[PDB]
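Asker: next input, structure requested:
(one chain, ligands or ions: 3)
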Amino acid sequence: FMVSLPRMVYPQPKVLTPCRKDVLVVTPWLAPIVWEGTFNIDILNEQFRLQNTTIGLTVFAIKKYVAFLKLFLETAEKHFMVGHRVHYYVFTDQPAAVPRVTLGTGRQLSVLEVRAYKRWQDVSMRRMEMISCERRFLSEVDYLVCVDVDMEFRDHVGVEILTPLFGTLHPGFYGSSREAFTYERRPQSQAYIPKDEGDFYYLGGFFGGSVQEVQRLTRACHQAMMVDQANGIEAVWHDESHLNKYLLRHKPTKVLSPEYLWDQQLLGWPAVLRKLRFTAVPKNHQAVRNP
Ligand SMILES: O=c1ccn([C@@H]2O[C@H](COP(=O)(O)OP(=O)(O)O)[C@@H](O)[C@H]2O)c(=O)[nH]1
Ligand SMILES: OC[C@H]1O[C@@H](O)[C@H](O)[C@@H](O)[C@H]1O
Ligand SMILES: [Mn+2]
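Answerer: Numbering: from 1, shown residues only. Ligands and ions are numbered 1, 2, ... in the order given. Shown next is the structure:
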């Protein structure tokens, strides 16, 4: 049950003026695409606070990636779901290396120890299995948000993202035609998408939804990866390839614009991006991913 919103004073939405004319703001299956200028965060904060919404945020910090936790968590504290209840779950092979970050009221952090895998491909892939900690999330949070660690929040990332199932547009492909998307293209892979299918290229690094829908997604991607292994094939972009196939066949109820995961070093700051909210931290691939 959802009590009445209190009286609020805000700009009237006008039917005969779009919030943004430069970008697509709803998908052909009527899911909002979340850009700056599309949402009144005051209205959304009300609706979500009245529900006493708790958001879990998952983050893997295995081997050398523990170094990214301090900036990731301190900037989450400045910009992620502020004012709402938040439960961070830090999955790591080095519990003692998790930095001591001071949290705002109503926010908590759990350290979950997991095995490290040698191959960075396997570390990335096995997130899906490790997420799908099954009874725990169900009892502790309403939504789960699953992101990469080698990132920092620079601007607001709040309840406008929450919905049963969301993906995020990959910042390198939001302008491309589908034939150029780097979907898995070999029909022997569970992740296979033919050249005339596909809505968008979503990122492995930022997806989420209700606990129920995230567990479905992560369970399905984990089972598909297990079939490919048995068949001696490994998807071209690993977990991200399977996530793309899943979201093709199970349409997300919201899509986040590339404001929600950007790399300014590689792509600059285009006019179409009014805010850069959560962004890649520079890293040396070869050195950070190997002993
Ligand atoms: O040695 C590793 C490699 C990967 N990761 C986790 O897997 C994620 C995805 O890998 P990465 O960020 O290296 O992929 P990229 O964004 O460069 O494609 C990282 O954000 C970490 O959360 C990790 O913890 N340790
Ligand atoms: O083509 C897909 C790839 O694009 C790169 O820009 C990215 O760093 C990879 O992790 C993967 O998403
Ligand atoms: Mn990353």
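Asker: residues in the chain within reach of ligand 3, list them.
Answerer: 148, 150 (CB under 5 Å from the ion). Quick note: C-beta positions are derived from backbone N, CA and C, even for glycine.
Asker: pick out the residue nearest the middle of the chain.
Answerer: Among the residues of the chain, the one closest to the centroid is residue 206, at 1.9 Å (CA atoms, centre = their mean).
Asker: quick one, phi/psi of it?
Answerer: Dihedral pair for residue 206: phi -160, psi 100, per degrees, to the nearest 10.
Asker: surely it and residue 256 touch.
Answerer: Yes - if you go by CB atoms under 8 Å, residue 206 and residue 256 touch, sitting 6.7 Å apart.
Asker: show me the strands in the stretch 151-291 of the chain, by range?
Answerer: For the stretch 151-291 of the chain, strands defined by DSSP state E, counting those that start in this stretch occupy the ranges 151-153, 165-168, 206-210, 254-256, 278-280.
Asker: and those: which comes nearest residue 39?
Answerer: When the strands of the stretch 151-291 of the chain are compared by CB to CB, strand 254-256 sits nearest residue 39, at 10.4 Å.
Asker: next up, the contacts around the closest residue to residue 204 other than its chain neighbours.
Answerer: Sequence neighbours aside, residue 240 is the residue nearest to residue 204 in space, at 3.2 Å (criterion: CB to CB, 6 or more residues apart in numbering). For residue 240, the contacting residues are 202, 203, 204, 205, by CB atoms under 8 Å, 6 or more residues apart in numbering.
Asker: do you know how far residue 240 is from residue 156?
Answerer: To residue 156, residue 240 is 25 Å away according to CB to CB, to the nearest Å.
Asker: check residue 223 too.
Answerer: For residue 223 relative to residue 156 (CB to CB), the value is 35 Å.
Asker: cool, and residue 66?
Answerer: Taking CB to CB, one finds residue 66 at 27 Å from residue 156.
Asker: cool, and residue 105?
Answerer: Applying CB to CB to residue 105 and residue 156 gives a distance of 19 Å.
Asker: can you work out which residues contact both of residue 206 and residue 256?
Answerer: 167, 168.
Asker: most proximal residue of the stretch 51-200 of the chain with respect to ligand 3?
Answerer: Relative to ligand 3, the nearest point of the stretch 51-200 of the chain is residue 148 (3.5 Å; CB to the ion).
Asker: for the residue nearest to that residue when sequence neighbours are not counted, what are its contacts?
Answerer: Nearest non-adjacent residue to residue 148, counting by CB to CB, 6+ apart: residue 205, 3.8 Å away. For residue 205, the contact set (CB under 8 Å, 6+ apart) comprises 147, 148, 151, 168, 240, 261.
Asker: mind listing the helices for the stretch 1-150 of the chain?
Answerer: With DSSP state H, counting those that start in this stretch as the criterion, the stretch 1-150 of the chain has helices at 41-50, 69-79, 120-125, 127-131, 134-140.
Asker: adding mean neighbour count, write these out as a markdown table.
Answerer: Formatted as a markdown table, these follow (neighbours: other CB atoms under 10 Å):
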| stretch | mean neighbour count |
| --- | --- |
| helix 41-50 | 14 |
| helix 69-79 | 19 |
| helix 120-125 | 18 |
| helix 127-131 | 21 |
| helix 134-140 | 13 |
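Asker: near ligand 1, which residues of the stretch 101-250 of the chain?
Answerer: Applying CB under 6 Å from any ligand atom, we find that the stretch 101-250 of the chain lies next to ligand 1 at 120, 123, 124, 148, 149, 150, 205.
Asker: recalculate using a threshold of 8 Å.
Answerer: Residues of the stretch 101-250 of the chain found near ligand 1 (CB under 8 Å from any ligand atom) are 116, 120, 123-124, 127, 147-151, 204-205, 240.
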